[PDB]
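Structure, as structure tokens:
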Amino acid sequence: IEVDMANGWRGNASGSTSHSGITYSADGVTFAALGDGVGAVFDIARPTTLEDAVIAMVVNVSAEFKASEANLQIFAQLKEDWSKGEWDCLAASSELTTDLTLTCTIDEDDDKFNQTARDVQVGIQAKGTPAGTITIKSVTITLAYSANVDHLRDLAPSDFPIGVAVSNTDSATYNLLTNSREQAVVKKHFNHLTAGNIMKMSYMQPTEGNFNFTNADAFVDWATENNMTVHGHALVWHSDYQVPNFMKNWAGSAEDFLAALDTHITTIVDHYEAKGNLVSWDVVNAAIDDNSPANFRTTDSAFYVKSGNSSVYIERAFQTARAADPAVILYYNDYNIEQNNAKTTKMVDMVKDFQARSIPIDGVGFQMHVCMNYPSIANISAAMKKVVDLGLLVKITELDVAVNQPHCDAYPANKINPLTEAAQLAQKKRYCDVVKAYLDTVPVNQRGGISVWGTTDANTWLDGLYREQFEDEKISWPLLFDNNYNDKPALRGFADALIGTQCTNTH
Ligand SMILES: O[C@@H]1[C@@H](O)[C@H](O[C@@H]2CO[C@@H](O[C@@H]3CO[C@@H](O[C@@H]4CO[C@@H](O)[C@H](O)[C@H]4O)[C@H](O)[C@H]3O)[C@H](O)[C@H]2O)OC[C@H]1O
Ligand SMILES: O[C@@H]1[C@@H](O)[C@H](O[C@@H]2CO[C@@H](O[C@@H]3CO[C@@H](O[C@@H]4CO[C@@H](O)[C@H](O)[C@H]4O)[C@H](O)[C@H]3O)[C@H](O)[C@H]2O)OC[C@H]1O
């Protein structure tokens, strides 16, 4: 709460000496400190949840007030219940001179400031034998749950990994290796990791024949130290920000381009085989378009264009990855293929073609970037079953569940902001439904794992993707842990599914 400094302020006398009101300017709110108990205040409407809230004021006091040796008391009290309040803050003349920052934590014995009955009067007053003036420049007021899950990974009903995507050197704030809160949540709940960006193409090979393994190797070493396996992401992907410059600008033949693509794959696969912890790769990521009917991408993919207007690079990537390490599990990975419409159909036809022509492929990764109420559990189940029936592994690679999403629930007509308890419980049921559909649809020996695309809501990729539609607000809140790394009901819902407990949006 940033308190308005231009409206809503009042003089106050909490003692016998009368006050002389308040004065507005460009510097803030000013009053004369006429006697003991004389101050300035504003109101907060009922109901209030103000226990453990922190009041911070920037103030500025006159020479005469300094000379008076008077103290300053930040306080709050209930209107019509005047005797009840927070009276234990005091800034003594000692500490005063400049704009100072004075704070007051609202901390009461009986929880009196979590209440429904009265409005709340908040302010600052002089104590002692005061004189001169006080100026307040600004006021800010900084206002748990447990899922009771000890280790999420330990609840899987068969042997499949429970995994998470982490940030690395691509984020100063959220880098797994420098952020001890990220390390803690990961070590507590997961046994499987994906790098969010640093194993993508231009990160691994920024120029032709100069590979850069240093940062990704430190990530793999930390996974090994902590008894976790690594899913490699990704050997081939069209997204412009991570295509190596020399590939974007290829000026030679189609056969020479495909040979350079082979070198990229063989070098990276051989290196991570020898490092000793790399169990599966997304070999080709998101190569099908978003049209209906669906086709492989054309002009928006450097790989289609530089291969000579051909999708042959897809099968070649799989053949090359297999030759480099025959033991590593090979996935095709994509979004929207869980919807059971045009894109699902194109993916299934591609797998059938590959099986007919002896092109190696071990599984399909369903990224599973879903909305709260779309697509349906029936459609998600039917789409995964199409892959199960071809004898392949099914892996959920990038699960998140958006509370607001511009393509769902007629956004923004029903926008949820701020986040509510009802929305958190809806998210609990939704994570339960999706994980249960996976277990119900995919036989034990075809379960490639379930991973979520991030740790805390404070760093989800969705808020950046939809920044324009969201008006720069962080409103997708799509993951298992909140902005302070505490549990959300979402985590209880994931756990309920693993243990076979009914999926609900209740407590
Ligand atoms: O250290 C604590 C003491 O400060 C504390 O004294 C209390 C201070 O607050 C007092 O409440 C006064 C009551 O008058 C209010 O103004 C009235 C608002 O309504 C108008 O209709 C009316 O005309 C005004 O006069 C004022 O806002 C408010 O500060 C309270 O009565 C004192 O008990 O005691 C506890 C110590 O720990
Ligand atoms: O020089 C800096 C640039 O490098 C930097 O680039 C940004 C890097 O982050 C990018 O966002 C990435 C995009 O990929 C996300 O994961 C994908 C989600 O969709 C799935 O289909 C796919 O499989 C996943 O790989 C990832 O979470 C997210 O962090 C962003 O788009 C780039 O612009 O910009 C800052 C410069 O200083």
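Just so you know, these numbers use all the heavy atoms, side chains as well, and skip hydrogens, waters and symmetry mates. Indexing begins at 1, ligand by ligand and atom by atom, following the structure's order. All residue numbers refer to positions in the sequence shown, counting from 1.
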I'd like the name of whichever of [options] reaches closest to [atom] through any heavy atom.
{"atom": "atom 22 (C) of ligand 2", "options": "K200, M199, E398", "value": "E398"}
{"atom": "atom 16 (O) of ligand 2", "options": "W461, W453, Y174", "value": "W453"}
{"atom": "atom 11 (O) of ligand 1", "options": "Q77, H19, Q125", "value": "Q77"}

Below 4.0 angstrom, counting only protein heavy atoms, does anything approach [atom]?
{"atom": "atom 8 (C) of ligand 2", "answer": "yes"}
{"atom": "atom 35 (C) of ligand 2", "answer": "no"}
{"atom": "atom 2 (C) of ligand 2", "answer": "no"}
{"atom": "atom 29 (O) of ligand 1", "answer": "yes"}

Exercise. Is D170 touching ligand 2 with its side chain, its backbone, both, or neither, if touching means heavy atoms under 4.0 Å apart?
Worked result: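 The answer is neither; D170 stays 4.0 Å or more away.
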
For this session: Determine whether the side chain, the backbone, both or neither of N285 has a heavy atom under 4.0 Å from any heavy atom of ligand 2.
Result: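 Side chain only; the backbone of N285 stays clear of ligand 2.
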
Problem set entry | Side-chain H-bond candidate by donor/acceptor type, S451 with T397, under 3.5 Å |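 Their side chains do not contain a donor-acceptor pair, so the 3.5 Å distance test is not met.
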
How far is [atom] from the closest protein heavy atom, and which atom is that?
{"atom": "atom 13 (C) of ligand 2", "answer": "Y241 OH, 3.4 Å"}
{"atom": "atom 21 (O) of ligand 2", "answer": "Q367 OE1, 2.7 Å"}
{"atom": "atom 26 (C) of ligand 1", "answer": "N12 OD1, 3.4 Å"}

Problem set entry | Heteroatom distance test (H233, ligand 2): nitrogen or oxygen, under 3.5 angstrom |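 Between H233 and ligand 2 (N or O atoms, distance only) the closest approach is under 3.5 Å.
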
For this session: Please check if atom NZ in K474 has more than 12 non-hydrogen atoms from other residues, nucleotides or ligands closer than 6.0 Å.
Result: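 Open: at most 12 neighbouring heavy atoms sit under 6.0 Å from NZ of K474.
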
For this session: Please confirm whether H189 and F481 have ring centers closer than 6.0 angstrom.
Result: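 So the answer is yes for these two rings.
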
Exercise. Hey, do the aromatic rings of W453 and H233 have their centres closer than 6.0 Å?
Worked result: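 Aromatic pair counts; centres sit under 6.0 Å.
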
Exercise. Are any of the side-chain heavy atoms of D88 and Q73 separated by less than 4.5 Å?
Worked result: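 SC-SC contact between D88 and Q73 ruled out.
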
Problem set entry | Atom indices of ligand 1, in the order listed, that fall short of 4.0 Å to a heavy atom of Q121 |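 Taking each heavy atom of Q121 in turn, ligand 1 has 27 (O) under 4.0 Å.
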
Exercise. Is there a heavy atom of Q242 sitting under 4.0 angstrom from any atom of ligand 2?
Worked result: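 So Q242 does not count as touching ligand 2.
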
